[PDB]
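Below: one structure, written as structure tokens.
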Amino acid sequence: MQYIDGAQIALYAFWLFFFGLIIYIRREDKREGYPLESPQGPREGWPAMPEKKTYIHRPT
Amino acid sequence: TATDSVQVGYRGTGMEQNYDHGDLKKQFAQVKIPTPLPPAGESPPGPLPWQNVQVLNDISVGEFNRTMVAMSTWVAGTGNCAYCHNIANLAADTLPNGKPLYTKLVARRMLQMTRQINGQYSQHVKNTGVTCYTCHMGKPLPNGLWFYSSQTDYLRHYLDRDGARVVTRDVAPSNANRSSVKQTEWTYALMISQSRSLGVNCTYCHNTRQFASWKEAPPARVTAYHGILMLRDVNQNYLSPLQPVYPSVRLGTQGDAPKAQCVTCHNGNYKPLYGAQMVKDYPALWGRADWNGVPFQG
Amino acid sequence: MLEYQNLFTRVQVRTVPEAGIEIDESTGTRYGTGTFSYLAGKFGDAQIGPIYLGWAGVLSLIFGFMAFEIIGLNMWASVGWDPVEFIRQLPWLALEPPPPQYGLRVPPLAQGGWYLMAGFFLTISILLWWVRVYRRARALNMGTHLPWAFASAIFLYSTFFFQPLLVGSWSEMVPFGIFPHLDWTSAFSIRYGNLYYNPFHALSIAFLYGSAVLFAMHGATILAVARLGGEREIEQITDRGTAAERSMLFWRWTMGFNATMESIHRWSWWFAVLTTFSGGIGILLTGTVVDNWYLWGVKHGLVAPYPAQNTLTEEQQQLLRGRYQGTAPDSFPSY
Amino acid sequence: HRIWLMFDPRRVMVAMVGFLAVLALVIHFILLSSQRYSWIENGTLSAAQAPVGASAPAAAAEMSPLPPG
Amino acid sequence: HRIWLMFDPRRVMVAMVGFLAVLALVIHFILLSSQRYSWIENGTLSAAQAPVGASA
Amino acid sequence: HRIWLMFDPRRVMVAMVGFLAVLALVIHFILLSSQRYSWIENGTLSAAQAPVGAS
Amino acid sequence: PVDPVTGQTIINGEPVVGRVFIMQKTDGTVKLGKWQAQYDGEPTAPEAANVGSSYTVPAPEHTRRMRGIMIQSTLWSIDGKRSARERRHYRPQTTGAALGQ
Amino acid sequence: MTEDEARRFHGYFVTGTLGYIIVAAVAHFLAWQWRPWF
Amino acid sequence: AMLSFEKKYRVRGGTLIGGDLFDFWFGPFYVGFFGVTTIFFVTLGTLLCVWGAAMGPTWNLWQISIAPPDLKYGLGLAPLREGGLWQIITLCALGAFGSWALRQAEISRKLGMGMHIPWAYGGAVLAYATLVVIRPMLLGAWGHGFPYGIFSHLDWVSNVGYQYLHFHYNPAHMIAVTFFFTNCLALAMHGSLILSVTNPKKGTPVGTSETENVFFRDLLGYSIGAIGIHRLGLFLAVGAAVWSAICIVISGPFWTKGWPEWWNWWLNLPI
Ligand SMILES: CCCCCCCCCCCCCC(=O)OC[C@H](COP(=O)(O)OCC(O)COP(=O)(O)OC[C@@H](COC(=O)CCCCCCCCCCCCC)OC(=O)CCCCCCCCCCCCC)OC(=O)CCCCCCCCCCCCC
Ligand SMILES: CCCCCCCCCCCCCC(=O)OC[C@H](COP(=O)(O)OCC(O)COP(=O)(O)OC[C@@H](COC(=O)CCCCCCCCCCCCC)OC(=O)CCCCCCCCCCCCC)OC(=O)CCCCCCCCCCCCC
Ligand code: BCL
Ligand code: BCL
Ligand SMILES: CC[C@H]1c2cc3[nH]c4c(c3C)C(=O)[C@H](C(=O)OC)c4c3nc(cc4[nH]c(cc(n2)[C@@H]1C)c(C(C)=O)c4C)[C@@H](C)[C@@H]3CCC(=O)OC/C=C(\C)CCC[C@H](C)CCC[C@H](C)CCCC(C)C
Ligand SMILES: CC[C@H]1c2cc3[nH]c4c(c3C)C(=O)[C@H](C(=O)OC)c4c3nc(cc4[nH]c(cc(n2)[C@@H]1C)c(C(C)=O)c4C)[C@@H](C)[C@@H]3CCC(=O)OC/C=C(\C)CCC[C@H](C)CCC[C@H](C)CCCC(C)C
Ligand SMILES: CC(C)=CCC/C(C)=C/CC/C(C)=C/CC/C(C)=C/CC/C(C)=C/CC/C(C)=C/CC/C(C)=C/CC/C(C)=C/CC1=C(C)C(=O)c2ccccc2C1=O
Ligand SMILES: CC(C)=CCC/C(C)=C\CC/C(C)=C/CC/C(C)=C\CC/C(C)=C\CC/C(C)=C\CC/C(C)=C/CC/C(C)=C/CC1=C(C)C(=O)c2ccccc2C1=O
Ligand SMILES: COC(C)(C)C/C=C/C(C)=C/C=C/C(C)=C/C=C/C(C)=C/C=C\C=C(C)\C=C\C=C(C)\C=C\C=C(C)\C=C\CC(C)(C)OC
Ligand SMILES: CCCCCCCCCCCCO[C@@H]1O[C@H](CO)[C@@H](O[C@H]2O[C@H](CO)[C@@H](O)[C@H](O)[C@H]2O)[C@H](O)[C@H]1O
Ligand SMILES: [Fe+3]
């Protein structure tokens, strides 16, 4: 329509993608040193803890 | 080194003019205005004793000689009738051998040109007109003389080109404006030349956040536009038609008459001669019936 | 007097040059054996080792050198073949795009044909170099992260071809020249109404500044824990030591949140890639969707108000209207 | 003479030569950039013909070196 | 004086020389940039001809 | 003398040659850039015809 | 309105104690509205470009070698070398038959 | 260190300072005669 | 809360100002004397910014603009409503940035790390101080600073750039732009290299430190070290800010003409 234009639509698509990306990178930021130590118990911020990741090592 | 800054826009916008103090002082000091001639306002009520005079017809006799002394000191030098006349016959348009006096013919056409500038283009030279001294500065050849070079020379904007706008007046593209980035570069070059001709920067006539806006720009921009129109008249109807009068050493490589630009009057200053007023005391050069309420005798 | 800042290395250790991990050499091979530079070894590694060359690399070199030769020879011809003027005026010389009136049709050779040839060859060599980067990555069983970051760079580069095609003229392309390509940058911003108000231009500026911020932070952090073995990030990722722990705790105590030794490189990768991706989007949107970014900003409430600096009368508004720029005069009139 | 046991004469001589050379270059270039002592161009003038800075000056009318604010 | 047992003479001497040099250069340059004491250009003027600031 | 004990003659001579060459080049170029002493263009003029700083 | 006896400002029929001033935001600024309203008070739209119907090829001596758009204001306005100025345009040409050779 | 060289250094530093100050006084008096600032 | 390994590192000592009073943690944040000072300056500056927004004609986030004073008040504290508020906010920002750097120095002195991070942040602080303190002082008015507004400071940048006709021709601006572009390129390369080694082709083991050097030697013929890439990134990122400060401080205080004309010296070389 008139107020909506392509630049605005593309900008909001980029905002959505950027927020999803920030969520993914914050998920990766908690792969080491979690869950947190608190008197109330284990703590996980948003986004929650990811699944355990293991690497591959060459045989001896 | 101290820098003299003049604020030309709203605070915080970045619209300022910077000047180096030392060179500004040296440049201002070196200007030397000729002293105004003492007025001559007691001529007798007699007819004009002039044989060949087609411009200075509405002027008295004593003020006529006053104007002649002023013209000599502004263009050729104090006294020095030999640059435009022969001493023997001041009414003669030709040399004793037979060759026409081209300097005198040019001076006549340029008396007409100065009157036209002062009268018809007040929107540029408001209350501060021009004399012969503004362009000539005591020399026969002024500054900023230009000739035909090539098609894309931006100085043609002051002769026969028209139109420099490139910015769209809409949010969306259409066929109303199809300006190229190259045309924008041409306008950029012309405006850089204008800025250097007045010794100012882009913010003197622009809020560069939108170059097309006139309401966000200082009033000088309006004045500048009139300076374009005046030039287009001067270069088209007064300087160029003088092609057949000049000797070949005066013309360009295409054999065309010299033309004027902004730096011809301004010489790198925001106002010619820093805004010196000189023509208010020389009514023969006025194009009006009054300059500042001071009436014109006639 | 001062603590060792890990800025320069005082004692270099030499050994036999490293030939390299065994890789397939059916289409290309390594050239050189590996020399050592002492000055280079002060700041980083010292080995100017062998370089691999294969199909894509050789083809990329040939096409890129052809583009470079075309550009240089046109620059040299523009000064009348004067070597002194060639060197003196080098930053001002350019290979210029075609005239605007040809649109997308092929231009004359001396008026933009060379420009299109050089651009085509440069594009082909850049794509072949992308293929070479991908193959060098996959020959060592590495992931293809570098190919897809180079792809973002190539996307921004290719918008300088696609936007002139979308607006419909090869004249809008970037000239090959040191100063003239800066001239094009300025004129592009001016023509489309203050590219500062392009939201994707602002986005890409944010990502460029953020790349500088992130690299300063990461470099300072790793240099600050290099005394603990922090520069060996692979082992700190697969076996987290005290250097990684201290790096995490510094930033957690500083700004309240932190990354890991591995995910800080994800942050860096995405900031650098987004710099060119959002910029390419912004360029593609200019002149096709939006022709005046300042007016788009006014429409979407981006522009701060200032007091009017001038007011125009009714006759002034008619008089001050100008004319859109047209063609240059092809005659020298006599008056 | 005990000052030299306090500062290494090598360091002092290096600093002294450097400072004195920089000062000489700066003074020569300040004089060369002036109007009265631009000796390469106007050094043949007599002391009476040499430029002198302006004394206490007078004012001007409707003439400003600076554009209006 | 006991101040030399409280302050290293080398440090104090170096700091004093540096501060004095910077101060002297600053004062000389301030005078050179002024109108009344621009001695390189107007040093031959007498005390009556030297410029004086206005009463503004 | 005894300066060569306090300063290495090799280092001093290299520094002196470099400084002298730079100073000579700077002086020659300053003179070449001037109006009175642009000897390549006006070197054939007599001392009465050479340009003088205006005053 | 001002009370003609006490010289007091009256607002909606009530006098005010004090010196009444009209409130305004910082330096009299007003929020912008529609983009089409940016041209209220600005000059009307510029006229259509002047485009030559036909084109005449100039002489080589009147043609620039350098095709950069901003070369006249960025370099030539500050460059004044004689040979460099000479190399700015193409040279005049003729034919062997016209030269009688 | 032995508190005697402290006295000796104090004498040397004091006489150097005094001479520097008096030479500055002569310079200021000369400048005052040439062009007074008050 | 605390990380799994955090507890053993939270000890006493390493502060520059204060003792056991300011040696605690508020949530994840460490609070010192400079943490308290940072909070004070941040709160005062932000509240004054909100007041400047309230005084202005709009609450729109993009259009809010707190402008510096007129040039006629040169180096004096202007009236609050005519640009003095901008000056007070500038003082608050200077205090807050200095406190942030000193608090970072305290934190690094407590974990046994080097002092690199505060000095790296000092480059950005120096660039800001050049923009609002050094350059306005050399030019002689506080009104030479930039306004505090998301898009109005872009307008200031545009107008200041066009004050020198063509700001691209500033040589120091060209060097700083090169530093920024090279920094972005190097950051992309380093992130890609580390990620590709620790996340290799699926099915293959995690690569070693020799793989990085071998890859970059195969591609470019030279591979900087693991420490070398971090040194280069620090140098590039900080040099970009330093050369930015140089480029802005020479425009006006030292050069007042158009920047293109500055290249006369190159065209007038005797050769
Ligand atoms: C020249 C022109 C181009 C110009 C511009 C160019 C821009 C390029 C952008 C590239 C983005 C990815 C960058 C990257 O990391 O690349 C490395 C990787 C190569 O890795 P490798 O060599 O295979 O190495 C293997 C392994 O080491 C990879 O591990 P690494 O850590 O590197 O990657 C982690 C993987 C993990 O994947 C998963 O967990 C699976 C699920 C991933 C998400 C799938 C859905 C995504 C959205 C779909 C709709 C997306 C719609 C937009 O993760 C990644 O590689 C990426 C992680 C996510 C990144 C952020 C996503 C945010 C999404 C927000 C959405 C909005 C929410 C409101 O390259 C890849 O292509 C990986 C993916 C390969 C599988 C194919 C995926 C696409 C299949 C469908 C299309 C098929 C072809 C037509
Ligand atoms: C952008 C993304 C956002 C994102 C926002 C959302 C996410 C936020 C995430 C933040 C990090 C993770 C969460 C976390 O751990 O937070 C720390 C804390 C738990 O701390 P802790 O683990 O128990 O550790 C505390 C420990 O250090 C013990 O501290 P203690 O309790 O002894 O006292 C420390 C402080 C506070 O002192 C008190 O007396 C507290 C109670 C009174 C507070 C007010 C006192 C002032 C007078 C009244 C003012 C108020 C009168 C009305 O003592 C200090 O010395 C520390 C503070 C600094 C002191 C120096 C500065 C003085 C001048 C300050 C001037 C400005 C402040 C007034 O957690 C909580 O409080 C949980 C709830 C979340 C709190 C933040 C909520 C913010 C809502 C914002 C809404 C609007 C958003 C736009
Ligand atoms: C007056 C000038 C205008 C302006 C006009 C433009 C224009 C026009 C553009 C930018 C763009 C950008 N501008 Mg700018 N910009 C201005 C003001 C600024 C300011 C500022 C402080 O004022 C900043 C920080 C920036 C910053 C930025 C960047 C974020 C962005 C470019 C990223 C980039 O180039 O990566 C560097 C990466 C690349 C160039 C990608 C291509 C690299 C290729 C692949 C390399 C090939 C090399 C080849 C093989 C080498 C050999 C060649 C030989 C000849 C053989 N702009 C003002 C408003 N700006 C761009 C953008 O994205 O805008 C949305 C853009 O096009
Ligand atoms: C018409 C306009 C001109 C122009 C005129 C100018 C002007 C004018 C300037 C620059 C400057 C710069 N220009 Mg330029 N420039 C133009 C075109 C370009 C183009 C391009 C065409 O692509 C590019 C790449 C650039 C590039 C650049 C950079 C070299 C530099 C900006 C970075 C910088 O200073 O960082 C330095 C970093 C900082 C100043 C930031 C410091 C941050 C502080 C410490 C605060 C952080 C905390 C904050 C308050 C709060 C955080 C809160 C939490 C989030 C909760 N310019 C055009 C041609 N350019 C600028 C410069 O050099 O500045 C020094 C500058 O002023
Ligand atoms: C995330 C975005 C950033 C980025 C990323 C990026 N660029 C990349 C990569 C990545 C991830 C690569 O993998 C790739 C690479 O290999 O980097 C080392 C590349 C690359 N980025 C490059 C440059 C580059 N990147 C830039 C920008 C950026 N790249 C962004 C900031 C820019 C800018 C700012 O404009 C430039 C100029 C290249 C170094 C490289 C791609 C190389 C390529 O495609 O080469 C093709 C080959 C040729 C053109 C051959 C040319 C030959 C010579 C240049 C000419 C002949 C010389 C002659 C032999 C001698 C000299 C002359 C004689 C007369 C003396
Ligand atoms: C080497 C120089 C580069 C760099 C590096 C760098 N930045 C750094 C660091 C480093 C090494 C940090 O460690 C430090 C940090 O802790 O990051 C998480 C920081 C940091 N770089 C930041 C931002 C930043 N850096 C920038 C630039 C750069 N930083 C350079 C390119 C920019 C640009 C270009 O604009 C920005 C916006 C912060 C995220 C952070 C510093 C945090 C800080 O100082 O916090 C204290 C202040 C607050 C919490 C709030 C503000 C308090 C003020 C009183 C409010 C008033 C502000 C004022 C009105 C300005 C408004 C400006 C308008 C234009 C909007
Ligand atoms: C010798 C030689 C060659 C030298 C050449 C060098 C040259 C020429 C340089 C230029 C010289 C000139 C003229 C430049 C000027 C430089 C200046 C002005 C120097 C400043 C000196 C300096 C060290 C900077 C800042 C000083 C500091 C760090 C101050 C801190 C003082 C202190 C410890 C007290 C704490 C109180 C503070 C900091 C106030 C803020 C504050 C306040 C005000 C509260 O009310 C409050 C209440 C409750 C909680 C917190 C706070 C709080 O944080
Ligand atoms: C008391 C006191 C103040 C003292 C402290 C010291 C002071 C004063 C502070 C610092 C000031 C100083 C000394 C600064 C001067 C620094 C100097 C001398 C200059 C250095 C200049 C320099 C090193 C080069 C210039 C850089 C330029 C212009 C171009 C860069 C080009 C470029 C892209 C290079 C990258 C090189 C390559 C091939 C890298 C790829 C590469 C990457 C990207 C990896 O991630 C990686 C990881 C692990 C293994 C291999 C690699 C690897 O090699
Ligand atoms: C010794 O001297 C010689 C001559 C032998 C060698 C010297 C060479 C020298 C000195 C060379 C100097 C080169 C310089 C200084 C180059 C400067 C380059 C710069 C600064 C370039 C900057 C930007 C240019 C850009 C972004 C150009 C982009 C171009 C594109 C995307 C073009 C694409 C074109 C295509 C795809 C064309 C396709 C062909 C079609 C399909 C249209 O065919 C009809
Ligand atoms: C092509 C020309 C050459 C281009 C390359 C030039 C390389 C050298 C310039 C980049 C490095 C300059 O080196 C610079 O040194 C100064 C000292 O002057 C350091 O110090 C500077 O910043 C710090 C940071 O707070 C301030 O405290 C300090 O007062 C300031 O001088 C900088 O942190 C460092 O970046
Ligand atoms: Fe790293």
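Quick note on labels: first sequence line is chain A, next is B, and so on, each numbered from 1. Heavy atoms only: backbone and side chains are in, while hydrogens, waters and symmetry mates are out. Order of appearance sets the numbers: ligands from 1, and atoms from 1 within every ligand.
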Could you say whether the N/O atoms of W25(I) and ligand 2 ever approach to under 3.5 Å? yes
Using heavy atoms and a threshold below 4.0 Å, how should the contact between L2(C) and ligand 8 be classified: side chain, backbone, both, or neither? side chain
Under 4.0 angstrom from atom 33 (C) of ligand 9, is there any protein heavy atom? yes
Check ligand 8 against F8(C) and write out every atom of the ligand that is under 4.0 Å from a heavy-atom position of the residue. 13 (C)
Element-labelled atoms of ligand 9 that are located less than 4.0 Å from some non-hydrogen atom of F160(C): 26 (C)
With a 4.0 Å cut-off, strictly under, does atom 41 (C) of ligand 9 pick up any protein heavy atom? no
Looking at ligand 2, does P28(I) have a heavy atom less than 4.0 Å from it? yes
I71(C) heavy atoms, cut-off 4.0 Å: which ligand 9 atoms fall inside? 13 (C)
Relative to the ring of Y157(C), is the ring of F160(C) parallel (under 30°), tilted (30 to 60°) or perpendicular (over 60°)? perpendicular
Flag atom 22 (O) of ligand 2 as yes if some protein heavy-atom distance to it falls below 4.0 Å, otherwise no. yes
Taking atom 4 (C) of ligand 8 as the reference point, report whether a protein heavy atom occurs under 4.0 Å from it. no
How far is atom 25 (C) of ligand 8 from its nearest protein heavy atom, and which residue and atom is that? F235(I) CE2, 4.4 Å
For atom 66 (C) of ligand 2, is some protein heavy-atom partner under 4.0 Å away? yes
Side chain proximity check, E96(C) to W184(C), heavy atoms < 4.5 angstrom: no
Do ligand 8 and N213(I) have nitrogen or oxygen atoms that lie under 3.5 Å from each other? no
Restricting to heavy atoms, the pick from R252(C), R43(A), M2(I) nearest atom 13 (C) of ligand 2 would be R43(A)
Side-chain contact test, heavy atoms from C-beta onward, threshold under 4.5 Å: evaluate it for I175(I) versus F179(I) and give yes or no. yes
Does any N or O of ligand 2 fall below 3.5 Å from an N or O anywhere on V31(I), backbone included? no
Using a 4.0 Å cut-off to any heavy atom of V36(I), which atoms of ligand 2 qualify? 60 (C)
Taking a cutoff of less than 4.0 Å between a non-hydrogen atom of the residue and any ligand atom, is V106(C) in contact with ligand 9? no
Should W184(C) be listed as contacting ligand 9, given a heavy-atom distance under 4.0 Å as the test? no
Sub-3.5 Å N/O-N/O distance, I224(I) and ligand 8: yes
Is there a protein heavy atom at a distance of less than 4.0 Å from atom 4 (C) of ligand 9? yes
Taking side chain as C-beta onward, heavy atoms only, is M2(I) less than 4.5 Å from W25(I)? no
Should you measure from each heavy atom of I178(C), which atoms of ligand 9 turn up under 4.0 Å away? 15 (C)
At less than 4.0 angstrom from any non-hydrogen atom of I39(I), what atoms of ligand 2 do you find? 61 (C), 64 (C)
For atom 11 (C) of ligand 9, grab the closest protein heavy atom and report residue, atom and distance to one decimal in Å. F68(C) CE1, 3.4 Å
Which one of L185(I), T182(I), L219(I), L7(C) has a non-hydrogen atom at the shortest distance from atom 9 (C) of ligand 8? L7(C)
Could you walk me through whether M189(I) and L193(I) pass side chain to side chain contact (heavy atoms under 4.5 Å, CB included), step by step? CA-CA 6 Å; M189(I) 281 171 36; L193(I) 186 271; over 6 Å; no
So, for atom 11 (C) of ligand 2, does the protein have a heavy atom nearer than 4.0 Å? yes
Is there a side-chain contact between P180(C) and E185(B) (heavy atoms, below 4.5 Å)? no
What do we get for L232(I) next to ligand 8 when only non-hydrogen atoms under 4.0 Å count, side chain, backbone, both or neither? side chain
For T43(I), is the nearest heavy atom under 4.0 Å from an atom of ligand 2? yes
Between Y52(C) and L219(I), is any pair of side-chain heavy atoms under 4.5 Å apart? no
Would you indicate which of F29(I), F33(I), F26(I), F40(I) comes nearest to atom 25 (C) of ligand 2 when only heavy atoms are counted? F26(I)
Once you measure the plane-to-plane angle for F235(I) and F43(C), does it fall in the parallel (<30°), tilted (30-60°) or perpendicular (>60°) bin? perpendicular
Yes or no: does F24(I) have any heavy atom under 4.0 Å from an atom of ligand 2? yes
Within 45° cone and under 6.0 Å: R266(C) NZ/CZ vs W269(C) ring: no
Looking only at heavy atoms, is any part of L193(I) under 4.0 Å from ligand 8, and if so is it the side chain, the backbone, or both, or is it neither? side chain
Using a heavy-atom cut-off of under 4.0 Å, does the side chain or the backbone of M117(C) touch ligand 9, or both, or neither? neither
Any side-chain heavy-atom pair from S169(C) and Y102(C) closer than 4.5 angstrom? no
